[PDB]
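Shown below, as structure tokens, is a lone chain in the form deposited in one PDB entry; questions about how it binds or moves come after it.
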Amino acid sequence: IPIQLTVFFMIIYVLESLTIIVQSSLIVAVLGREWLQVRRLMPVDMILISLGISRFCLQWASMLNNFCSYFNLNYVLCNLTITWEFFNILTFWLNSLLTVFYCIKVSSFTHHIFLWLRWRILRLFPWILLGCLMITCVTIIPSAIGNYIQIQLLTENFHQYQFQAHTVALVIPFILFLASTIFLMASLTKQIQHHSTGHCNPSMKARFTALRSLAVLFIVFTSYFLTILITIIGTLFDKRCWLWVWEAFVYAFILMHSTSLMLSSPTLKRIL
């Protein structure tokens, strides 16, 4: 293995990490300023800020993990995997919540029970955020107990149970996210297919833009999930032989995802 490729993907991954960190810092700063000044924010900004802080934690966690695992210098608690799993599940649930919010707000149904439920969701969004965090913690606890047991053995079987726990933990948000995205795309496609009568200037372009954005988000998130899972098995892919290329791949995916979510913010564009 030539060293030139290794250093090239070194610098690629470093620049990707700094870019995602600065993007998260910018969004958290502006959204916090808005929340403090106005004392009330629309839910999409709350979901964006939750995702931003999650990414802020995950990026530094990953950076320290890669440094410790590759350099193998002063092997200490730097092998931080529990934080990685916790924050990854947090991001998954937050994205699912964002997509279901997109589905419910745009929906034209005005049923009295549905309207009351939607108004309640608009009323107590931080409560739902707290609930998502609680499900994340309840789900991550088994990983902690498995790690404790495996460490006690150190100082197959249990490792296979931990793998199953990881799979079960990561497979929950994805079903809801996929279902909500598919429903939104289907509704917009039906409106497109029989809404040509209502002119084309501000409506056709709007619906097409929404469809394009949803398709981009779906593709990027599916790619990220696939790479993380393929890492999870790890039998076919030798991370020991090739590590920095894989890092650059996965975090280029996260870079596109974060750039899209930053550019799609309504409050920021208003400020900008």
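Here, rigid core means the biggest group of C-alpha atoms that superpose within 1.5 Å across both forms. In this text, residue numbers run from 1 along the sequence as written. Shifts are known only where both forms have a C-alpha.
Not on display, but discussed next: the form deposited in another entry.
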*Pick from 186, 175, 76, 138: whose Cα moves by 2 Å or more between this form and the one not shown, rigid core superposed?*
76
*Taking the rigid core as reference, does residue 241 move its C-alpha 2 Å or further between this form and the one not shown?*
yes
*asked:* Closer or farther: how do the Cα atoms of residue 239 and residue 22 compare in that other deposited form versus the shown form, where the change is at least 3 Å?
replied: farther
*Knowing the Cα distance between residue 64 and residue 239 changes 3 Å or more in that other deposited form, does it shrink or grow relative to here?*
farther
*Superpose the two forms on the rigid core, then report in sequence order the stretches of at least three consecutive residues whose Cα positions each move 2 Å or more between this form and the one not shown.*
73 to 77, 196 to 201, 235 to 241
